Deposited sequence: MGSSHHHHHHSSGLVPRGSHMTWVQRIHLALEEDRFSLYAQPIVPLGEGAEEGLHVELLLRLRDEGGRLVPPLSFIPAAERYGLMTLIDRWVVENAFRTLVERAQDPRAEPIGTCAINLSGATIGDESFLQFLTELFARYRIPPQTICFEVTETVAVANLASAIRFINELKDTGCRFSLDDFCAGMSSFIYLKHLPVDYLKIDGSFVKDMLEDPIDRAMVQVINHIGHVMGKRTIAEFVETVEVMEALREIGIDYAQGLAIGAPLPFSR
């Protein structure tokens, strides 16, 4: 569709509350901190059906609308953490991972928007871990370095997901002080059958060791794969074998 069409669609979905956040648990694999989750965005269309990412994110990102979606995500995430904490039965979240678009890392107004949300929701910055794909960070490196350093001065943590998807040099990493490398799911799914996938997981584990970074495996779909990641020394696991995404935003 057109520019105008996609601006309306994103605006309308925001207006009708058709975006929602789920929280997927991330479990430690070694020897204890609070609950670790990653927030996942869901969009339902006007007739109530799930819209898969590939049916809206590519169009939104072409028109720079992912700034709007990220701003909604962060506000609603913070609000939900606060409202959640007012239920004394809910267990505290120690790490709440939130994905950001490349458009957001290139937006110089974002730091101010975030600073204000921290003040208003009284969130300890250290509890938030912002997450960008390796690909997006590397394609926009000058932006990512400055972005990550500004946010780190705020006190929050940082993650690269889809890590090693481009099987590239990790030299750039000397300039991004991120805390976590989250292994691309493609490598985890087939690491038991395909020795390249296994090797890539060992490599990532090794970068973690050398750079004092912690690692997370995405797409951990069986307990056998979980066990192999544990043996290698991967720090955390996420996916179908660990626990389902749960409603987070009300």
Exercise. Would you list the gaps, meaning deposited-sequence stretches without C-alpha coordinates, in the order they occur?
Key: 1 to 17, 49 to 50
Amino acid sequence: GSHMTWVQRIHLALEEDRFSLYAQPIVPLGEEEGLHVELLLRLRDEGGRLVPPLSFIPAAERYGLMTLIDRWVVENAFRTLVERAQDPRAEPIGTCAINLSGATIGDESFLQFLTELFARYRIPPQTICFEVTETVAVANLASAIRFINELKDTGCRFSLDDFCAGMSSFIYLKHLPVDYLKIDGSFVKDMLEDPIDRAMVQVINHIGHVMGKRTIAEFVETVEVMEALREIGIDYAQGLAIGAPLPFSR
From here on, numbers count along this sequence of modelled residues.
Quiz prompt | Between 32 to 40 and 58 to 66 (mean CA B-factor, as deposited), the higher | solution = 32 to 40
Quiz item: Averaged over C-alpha atoms, is the B-factor higher for 145 to 153 or for 132 to 140 in this PDB entry?
Solution: 145 to 153
Quiz item: Reading the B-factor column of the entry, which of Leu117, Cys96, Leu173, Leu100 has the highest value at its C-alpha atom?
Solution: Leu173
Quiz item: Which third of the chain holds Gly185 when residues are ordered by C-alpha B factor: lowest, middle or highest?
Solution: lowest
Quiz prompt | Ranked against its chain, the third holding the CA B-factor of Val225 | solution = middle
Quiz item: Where does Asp107 sit by CA temperature factor within its chain: lowest, middle or highest third?
Solution: highest
Exercise. Just say lowest, middle or highest third for the CA B-factor of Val82 relative to the other modelled residues in its chain.
Key: middle
Self-check item: Third of chain Cα B-factors occupied by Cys164
Solution: middle
